[PDB]
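See below for my_file-v2.cif, which holds mmCIF, C-alpha atoms; chains and numbers go by the auth columns.
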```
data_my_file
loop_
_atom_site.group_PDB
_atom_site.id
_atom_site.type_symbol
_atom_site.label_atom_id
_atom_site.label_comp_id
_atom_site.label_asym_id
_atom_site.label_seq_id
_atom_site.Cartn_x
_atom_site.Cartn_y
_atom_site.Cartn_z
_atom_site.B_iso_or_equiv
_atom_site.auth_seq_id
_atom_site.auth_asym_id
ATOM 1 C CA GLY A 1 -33.138 58.058 167.218 0.00 29 I
ATOM 2 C CA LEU A 2 -31.866 60.628 164.710 0.00 30 I
ATOM 3 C CA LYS A 3 -34.539 62.165 162.455 0.00 31 I
ATOM 4 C CA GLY A 4 -34.089 63.571 158.963 0.00 32 I
ATOM 5 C CA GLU A 5 -30.856 63.205 157.043 0.00 33 I
ATOM 6 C CA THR A 6 -29.051 63.544 160.391 0.00 34 I
ATOM 7 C CA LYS A 7 -29.449 59.753 160.480 0.00 35 I
ATOM 8 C CA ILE A 8 -28.014 58.748 157.078 0.00 36 I
ATOM 9 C CA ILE A 9 -25.764 61.834 157.048 0.00 37 I
ATOM 10 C CA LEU A 10 -23.004 59.616 158.424 0.00 38 I
ATOM 11 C CA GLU A 11 -23.677 56.892 155.855 0.00 39 I
ATOM 12 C CA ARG A 12 -23.827 59.461 153.067 0.00 40 I
ATOM 13 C CA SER A 13 -20.280 60.646 153.786 0.00 41 I
ATOM 14 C CA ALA A 14 -18.998 57.070 153.945 0.00 42 I
ATOM 15 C CA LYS A 15 -20.790 56.204 150.708 0.00 43 I
ATOM 16 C CA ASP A 16 -18.876 58.898 148.830 0.00 44 I
ATOM 17 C CA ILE A 17 -15.512 57.527 149.989 0.00 45 I
ATOM 18 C CA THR A 18 -16.562 53.961 149.251 0.00 46 I
ATOM 19 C CA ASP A 19 -17.593 54.901 145.711 0.00 47 I
ATOM 20 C CA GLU A 20 -14.536 57.153 145.348 0.00 48 I
ATOM 21 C CA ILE A 21 -12.327 54.067 145.179 0.00 49 I
ATOM 22 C CA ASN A 22 -14.356 52.714 142.263 0.00 50 I
ATOM 23 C CA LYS A 23 -14.154 56.086 140.470 0.00 51 I
ATOM 24 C CA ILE A 24 -10.345 55.906 140.429 0.00 52 I
ATOM 25 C CA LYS A 25 -10.323 52.244 139.330 0.00 53 I
ATOM 26 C CA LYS A 26 -12.418 52.950 136.235 0.00 54 I
ATOM 27 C CA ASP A 27 -10.256 56.007 135.564 0.00 55 I
ATOM 28 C CA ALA A 28 -7.031 54.054 136.005 0.00 56 I
ATOM 29 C CA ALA A 29 -8.207 51.394 133.548 0.00 57 I
ATOM 30 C CA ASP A 30 -9.163 54.070 131.025 0.00 58 I
ATOM 31 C CA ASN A 31 -5.571 55.348 131.035 0.00 59 I
ATOM 32 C CA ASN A 32 -4.341 51.748 130.997 0.00 60 I
ATOM 33 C CA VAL A 33 -2.038 52.297 134.005 0.00 61 I
ATOM 34 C CA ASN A 34 -0.813 49.615 136.406 0.00 62 I
ATOM 35 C CA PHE A 35 -3.404 49.933 139.167 0.00 63 I
ATOM 36 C CA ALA A 36 -1.463 47.634 141.503 0.00 64 I
ATOM 37 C CA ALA A 37 1.250 50.283 141.231 0.00 65 I
ATOM 38 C CA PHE A 38 -0.427 52.003 144.186 0.00 66 I
ATOM 39 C CA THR A 39 1.087 49.510 146.670 0.00 67 I
ATOM 40 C CA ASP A 40 2.962 47.316 144.191 0.00 68 I
ATOM 41 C CA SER A 41 4.985 45.462 146.834 0.00 69 I
ATOM 42 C CA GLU A 42 6.660 46.012 150.215 0.00 70 I
ATOM 43 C CA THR A 43 10.366 46.697 149.736 0.00 71 I
ATOM 44 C CA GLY A 44 11.701 49.963 151.148 0.00 72 I
ATOM 45 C CA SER A 45 10.838 52.956 148.970 0.00 73 I
ATOM 46 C CA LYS A 46 7.733 52.363 146.841 0.00 74 I
ATOM 47 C CA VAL A 47 8.081 52.810 143.082 0.00 75 I
ATOM 48 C CA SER A 48 4.909 54.432 141.676 0.00 76 I
ATOM 49 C CA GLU A 49 7.235 57.009 140.111 0.00 77 I
ATOM 50 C CA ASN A 50 4.281 57.922 137.909 0.00 78 I
ATOM 51 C CA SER A 51 2.656 61.144 139.086 0.00 79 I
ATOM 52 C CA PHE A 52 -0.729 59.626 138.278 0.00 80 I
ATOM 53 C CA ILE A 53 -0.420 57.095 141.112 0.00 81 I
ATOM 54 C CA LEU A 54 0.911 59.644 143.587 0.00 82 I
ATOM 55 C CA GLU A 55 -1.495 62.351 142.403 0.00 83 I
ATOM 56 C CA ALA A 56 -4.445 59.963 142.381 0.00 84 I
ATOM 57 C CA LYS A 57 -3.512 58.858 145.890 0.00 85 I
ATOM 58 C CA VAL A 58 -4.146 62.398 147.132 0.00 86 I
ATOM 59 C CA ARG A 59 -7.672 62.293 145.702 0.00 87 I
ATOM 60 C CA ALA A 60 -8.369 59.244 147.875 0.00 88 I
ATOM 61 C CA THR A 61 -6.699 61.064 150.785 0.00 89 I
ATOM 62 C CA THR A 62 -8.243 64.561 150.671 0.00 90 I
ATOM 63 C CA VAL A 63 -11.686 62.957 150.614 0.00 91 I
ATOM 64 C CA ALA A 64 -10.732 60.722 153.552 0.00 92 I
ATOM 65 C CA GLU A 65 -9.367 63.702 155.498 0.00 93 I
ATOM 66 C CA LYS A 66 -12.924 65.014 155.518 0.00 94 I
ATOM 67 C CA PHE A 67 -14.032 61.935 157.434 0.00 95 I
ATOM 68 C CA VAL A 68 -11.443 62.402 160.192 0.00 96 I
ATOM 69 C CA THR A 69 -12.003 66.150 160.506 0.00 97 I
ATOM 70 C CA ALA A 70 -15.740 65.513 160.276 0.00 98 I
ATOM 71 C CA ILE A 71 -15.611 63.268 163.346 0.00 99 I
ATOM 72 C CA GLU A 72 -14.204 66.106 165.434 0.00 100 I
ATOM 73 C CA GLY A 73 -16.819 68.528 164.046 0.00 101 I
ATOM 74 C CA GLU A 74 -19.772 66.122 163.831 0.00 102 I
ATOM 75 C CA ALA A 75 -19.142 65.653 167.561 0.00 103 I
ATOM 76 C CA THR A 76 -21.634 68.518 168.027 0.00 104 I
ATOM 77 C CA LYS A 77 -23.369 67.296 171.180 0.00 105 I
ATOM 78 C CA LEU A 78 -26.381 65.222 170.123 0.00 106 I
ATOM 79 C CA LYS A 79 -27.277 66.005 166.517 0.00 107 I
ATOM 80 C CA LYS A 80 -24.788 63.413 165.214 0.00 108 I
ATOM 81 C CA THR A 81 -23.786 61.708 168.477 0.00 109 I
ATOM 82 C CA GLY A 82 -27.458 60.869 169.167 0.00 110 I
ATOM 83 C CA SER A 83 -27.208 57.885 171.528 0.00 111 I
ATOM 84 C CA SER A 84 -24.176 57.227 173.732 0.00 112 I
ATOM 85 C CA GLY A 85 -23.162 54.549 171.200 0.00 113 I
ATOM 86 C CA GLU A 86 -23.290 57.008 168.302 0.00 114 I
ATOM 87 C CA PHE A 87 -20.113 58.647 169.616 0.00 115 I
ATOM 88 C CA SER A 88 -17.998 55.539 168.954 0.00 116 I
ATOM 89 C CA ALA A 89 -20.136 54.514 165.988 0.00 117 I
ATOM 90 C CA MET A 90 -18.513 57.274 163.963 0.00 118 I
ATOM 91 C CA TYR A 91 -15.005 56.032 164.751 0.00 119 I
ATOM 92 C CA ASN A 92 -16.128 52.450 164.210 0.00 120 I
ATOM 93 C CA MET A 93 -16.555 53.079 160.501 0.00 121 I
ATOM 94 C CA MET A 94 -13.176 54.794 160.258 0.00 122 I
ATOM 95 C CA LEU A 95 -11.593 51.607 161.531 0.00 123 I
ATOM 96 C CA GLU A 96 -13.233 49.652 158.704 0.00 124 I
ATOM 97 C CA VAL A 97 -12.416 52.346 156.125 0.00 125 I
ATOM 98 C CA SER A 98 -8.793 51.505 156.925 0.00 126 I
ATOM 99 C CA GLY A 99 -9.214 48.687 154.371 0.00 127 I
ATOM 100 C CA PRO A 100 -10.433 50.503 151.189 0.00 128 I
ATOM 101 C CA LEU A 101 -7.703 53.137 151.686 0.00 129 I
ATOM 102 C CA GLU A 102 -5.091 50.419 152.155 0.00 130 I
ATOM 103 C CA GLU A 103 -6.065 49.091 148.734 0.00 131 I
ATOM 104 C CA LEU A 104 -5.820 52.420 146.896 0.00 132 I
ATOM 105 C CA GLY A 105 -2.738 53.287 148.962 0.00 133 I
ATOM 106 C CA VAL A 106 -2.276 55.289 152.161 0.00 134 I
ATOM 107 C CA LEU A 107 0.009 54.054 154.945 0.00 135 I
ATOM 108 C CA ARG A 108 -1.351 51.409 157.323 0.00 136 I
ATOM 109 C CA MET A 109 -1.344 52.124 161.051 0.00 137 I
ATOM 110 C CA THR A 110 -4.518 50.659 162.501 0.00 138 I
ATOM 111 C CA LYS A 111 -2.361 49.532 165.411 0.00 139 I
ATOM 112 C CA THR A 112 -1.963 53.095 166.691 0.00 140 I
ATOM 113 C CA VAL A 113 -5.669 53.865 166.437 0.00 141 I
ATOM 114 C CA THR A 114 -6.661 50.478 167.859 0.00 142 I
ATOM 115 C CA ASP A 115 -4.071 50.756 170.631 0.00 143 I
ATOM 116 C CA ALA A 116 -5.640 54.108 171.538 0.00 144 I
ATOM 117 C CA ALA A 117 -8.548 52.062 172.890 0.00 145 I
ATOM 118 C CA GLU A 118 -6.193 50.425 175.414 0.00 146 I
ATOM 119 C CA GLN A 119 -5.141 53.637 177.156 0.00 147 I
ATOM 120 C CA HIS A 120 -7.888 56.030 176.028 0.00 148 I
ATOM 121 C CA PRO A 121 -11.581 54.862 176.122 0.00 149 I
ATOM 122 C CA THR A 122 -12.457 54.601 172.425 0.00 150 I
ATOM 123 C CA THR A 123 -14.192 57.757 171.191 0.00 151 I
ATOM 124 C CA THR A 124 -16.363 59.363 173.872 0.00 152 I
ATOM 125 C CA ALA A 125 -17.446 63.012 173.747 0.00 153 I
ATOM 126 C CA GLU A 126 -14.090 64.272 175.058 0.00 154 I
ATOM 127 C CA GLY A 127 -12.371 61.009 174.072 0.00 155 I
ATOM 128 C CA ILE A 128 -12.677 61.953 170.401 0.00 156 I
ATOM 129 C CA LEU A 129 -11.010 65.299 171.034 0.00 157 I
ATOM 130 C CA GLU A 130 -8.175 63.578 172.914 0.00 158 I
ATOM 131 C CA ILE A 131 -7.752 60.486 170.712 0.00 159 I
ATOM 132 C CA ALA A 132 -8.012 62.837 167.719 0.00 160 I
ATOM 133 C CA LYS A 133 -4.387 63.741 168.485 0.00 161 I
ATOM 134 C CA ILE A 134 -3.260 60.367 167.156 0.00 162 I
ATOM 135 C CA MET A 135 -5.387 60.659 164.032 0.00 163 I
ATOM 136 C CA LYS A 136 -3.894 64.032 163.038 0.00 164 I
ATOM 137 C CA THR A 137 -0.558 62.240 162.929 0.00 165 I
ATOM 138 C CA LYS A 138 -1.756 60.138 159.999 0.00 166 I
ATOM 139 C CA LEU A 139 -3.034 63.250 158.181 0.00 167 I
ATOM 140 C CA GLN A 140 0.443 64.794 158.283 0.00 168 I
ATOM 141 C CA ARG A 141 2.389 61.591 157.573 0.00 169 I
ATOM 142 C CA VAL A 142 0.154 60.638 154.637 0.00 170 I
ATOM 143 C CA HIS A 143 -0.065 64.151 153.194 0.00 171 I
ATOM 144 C CA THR A 144 3.568 65.158 153.747 0.00 172 I
ATOM 145 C CA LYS A 145 4.709 61.912 152.125 0.00 173 I
ATOM 146 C CA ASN A 146 2.606 62.395 148.982 0.00 174 I
ATOM 147 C CA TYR A 147 2.823 66.175 149.118 0.00 175 I
ATOM 148 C CA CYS A 148 6.545 66.351 148.454 0.00 176 I
ATOM 149 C CA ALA A 149 6.433 64.192 145.366 0.00 177 I
ATOM 150 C CA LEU A 150 3.461 66.353 144.375 0.00 178 I
ATOM 151 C CA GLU A 151 5.229 69.689 143.886 0.00 179 I
ATOM 152 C CA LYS A 152 8.439 67.789 143.152 0.00 180 I
ATOM 153 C CA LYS A 153 7.440 67.296 139.514 0.00 181 I
ATOM 154 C CA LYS A 154 6.761 71.026 139.231 0.00 182 I
ATOM 155 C CA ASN A 155 10.379 71.889 140.081 0.00 183 I
ATOM 156 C CA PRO A 156 13.532 70.127 141.502 0.00 184 I
ATOM 157 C CA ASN A 157 13.914 73.052 143.922 0.00 185 I
ATOM 158 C CA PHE A 158 11.429 71.289 146.188 0.00 186 I
ATOM 159 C CA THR A 159 13.106 69.971 149.352 0.00 187 I
ATOM 160 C CA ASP A 160 12.035 68.888 152.840 0.00 188 I
ATOM 161 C CA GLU A 161 13.476 66.731 155.624 0.00 189 I
ATOM 162 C CA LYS A 162 10.005 65.332 156.323 0.00 190 I
ATOM 163 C CA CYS A 163 9.873 63.701 152.872 0.00 191 I
ATOM 164 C CA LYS A 164 12.770 61.528 151.704 0.00 192 I
ATOM 165 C CA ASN A 165 13.914 61.434 148.079 0.00 193 I
ATOM 166 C CA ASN A 166 13.421 57.874 146.835 0.00 194 I
#
```
Show me this structure written as structure tokens.
Amino acid sequence: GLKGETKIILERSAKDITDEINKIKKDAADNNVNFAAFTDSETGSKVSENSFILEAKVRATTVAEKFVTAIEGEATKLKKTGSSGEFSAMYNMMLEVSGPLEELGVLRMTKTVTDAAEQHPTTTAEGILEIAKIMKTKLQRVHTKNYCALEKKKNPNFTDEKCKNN
């Protein structure tokens, strides 16, 4: 239904993120750093004391943030949301992307997004704007968590109630 790049435009953005994971893996191996350090294991505070893991995690985040913000913008009216199914199609991928990110890191919370379908529709024209409220939560929780440790290395003066020290 969509002509020109407007069709693959969605796939193009997803392709970058998909490949982004591979870019870090090859980079991590080059520096010979424990890749599994990203998630390591579930046990309270995560180690990954190395700035590389925390810093690299942002790279996988910032790029992902574009996808979420893009959904709200791409909403347009028809250009991206061609058919009535295209509206949810955009969010459909985000649900799947929850995997790749989980591997590189990022906090899991597909339950909140999935649960949104129960109360809220799924991702209709206005539904995206409304349900988007839940998504923004992840952007702050993921960023704030990695953000603190980010400028933390720069100076010990860094402090914030949002982020806990170890």
Of the candidates I:171, I:105, I:190, I:182, which one gets nearest to residue 153 in chain I if we count all atoms listed in the file?
I:105
Give me, as a tab-separated table, each residue of range 31-92 of chain I that comes within 12 Å of range 126-142 of chain I, together with its shortest interatomic pair and the distance in Å at one decimal, counting only C-alpha atoms, with rows ordered by chain and rising residue number.
```
residue	atom	partner	partner_atom	distance
I:42	CA	I:128	CA	11.1
I:43	CA	I:128	CA	11.8
I:45	CA	I:128	CA	8.8
I:46	CA	I:128	CA	7.3
I:47	CA	I:128	CA	10.0
I:48	CA	I:128	CA	9.8
I:49	CA	I:132	CA	6.9
I:50	CA	I:132	CA	9.7
I:51	CA	I:132	CA	11.1
I:52	CA	I:132	CA	8.6
I:53	CA	I:132	CA	8.8
I:56	CA	I:132	CA	11.1
I:62	CA	I:132	CA	12.0
I:63	CA	I:132	CA	8.5
I:64	CA	I:132	CA	8.4
I:65	CA	I:133	CA	9.2
I:66	CA	I:133	CA	5.5
I:67	CA	I:133	CA	5.8
I:68	CA	I:133	CA	9.5
I:69	CA	I:133	CA	11.2
I:70	CA	I:135	CA	11.5
I:74	CA	I:133	CA	10.7
I:76	CA	I:133	CA	10.6
I:81	CA	I:133	CA	9.0
I:82	CA	I:133	CA	9.1
I:83	CA	I:133	CA	11.3
I:84	CA	I:132	CA	8.9
I:85	CA	I:133	CA	6.4
I:86	CA	I:134	CA	8.9
I:87	CA	I:132	CA	10.1
I:88	CA	I:129	CA	7.2
I:89	CA	I:134	CA	7.4
I:90	CA	I:134	CA	11.1
I:91	CA	I:129	CA	10.7
I:92	CA	I:129	CA	8.4
```
Output of the above residues as a short mmCIF file (atom, residue, chain, number, x, y, z; two decimals), in the coordinates of the input, restricted to C-alpha atoms:
```cif
data_model
loop_
_atom_site.label_atom_id
_atom_site.label_comp_id
_atom_site.auth_asym_id
_atom_site.auth_seq_id
_atom_site.Cartn_x
_atom_site.Cartn_y
_atom_site.Cartn_z
CA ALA I 42 -19.00 57.07 153.94
CA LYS I 43 -20.79 56.20 150.71
CA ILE I 45 -15.51 57.53 149.99
CA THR I 46 -16.56 53.96 149.25
CA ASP I 47 -17.59 54.90 145.71
CA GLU I 48 -14.54 57.15 145.35
CA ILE I 49 -12.33 54.07 145.18
CA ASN I 50 -14.36 52.71 142.26
CA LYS I 51 -14.15 56.09 140.47
CA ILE I 52 -10.34 55.91 140.43
CA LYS I 53 -10.32 52.24 139.33
CA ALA I 56 -7.03 54.05 136.00
CA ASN I 62 -0.81 49.62 136.41
CA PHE I 63 -3.40 49.93 139.17
CA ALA I 64 -1.46 47.63 141.50
CA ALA I 65 1.25 50.28 141.23
CA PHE I 66 -0.43 52.00 144.19
CA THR I 67 1.09 49.51 146.67
CA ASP I 68 2.96 47.32 144.19
CA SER I 69 4.99 45.46 146.83
CA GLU I 70 6.66 46.01 150.22
CA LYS I 74 7.73 52.36 146.84
CA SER I 76 4.91 54.43 141.68
CA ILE I 81 -0.42 57.10 141.11
CA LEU I 82 0.91 59.64 143.59
CA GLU I 83 -1.50 62.35 142.40
CA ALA I 84 -4.44 59.96 142.38
CA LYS I 85 -3.51 58.86 145.89
CA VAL I 86 -4.15 62.40 147.13
CA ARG I 87 -7.67 62.29 145.70
CA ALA I 88 -8.37 59.24 147.88
CA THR I 89 -6.70 61.06 150.78
CA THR I 90 -8.24 64.56 150.67
CA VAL I 91 -11.69 62.96 150.61
CA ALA I 92 -10.73 60.72 153.55
#
```
Can you pull out the residues contacting residue 150 in chain I? Cut-off 9 Å, using only C-alpha atoms, and skip same-chain residues under 4 positions away; I want them as a ChimeraX atom specification.
/I:116,119,142,144-146,155-156,159
Run the PyMOL selection byres ((chain I and resi 107) around 12) on the file and write out the hits as a ChimeraX atom specification.
/I:29-38,101-106,108-112,114-115
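CA of residue 193 in chain I is positioned 25.7 Å from CA of residue 162 in chain I.
Put simply, CA of residue 175 in chain I is 21.7 Å away from CA of residue 98 in chain I.
Closest approach to residue 120 in chain I from the set I:152, I:167, I:54, I:185 is made by I:152, with distances taken over only C-alpha atoms.
Closest to residue 77 in chain I among I:168, I:194, I:97, I:41 is I:194, based on only C-alpha atoms.
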Report, in Å with one decimal, the straight-line distance from CA of residue 96 in chain I to CA of residue 147 in chain I.
20.1 Å
Kindly compute an axis-aligned box around the listed atoms of range 162-169 of chain I, allowing 8 Å on each side, and express its centre and edge lengths in Å to one decimal as JSON.
```
{"center_x": -1.5, "center_y": 62.5, "center_z": 162.4, "size_x": 23.8, "size_y": 20.7, "size_z": 25.6}
```
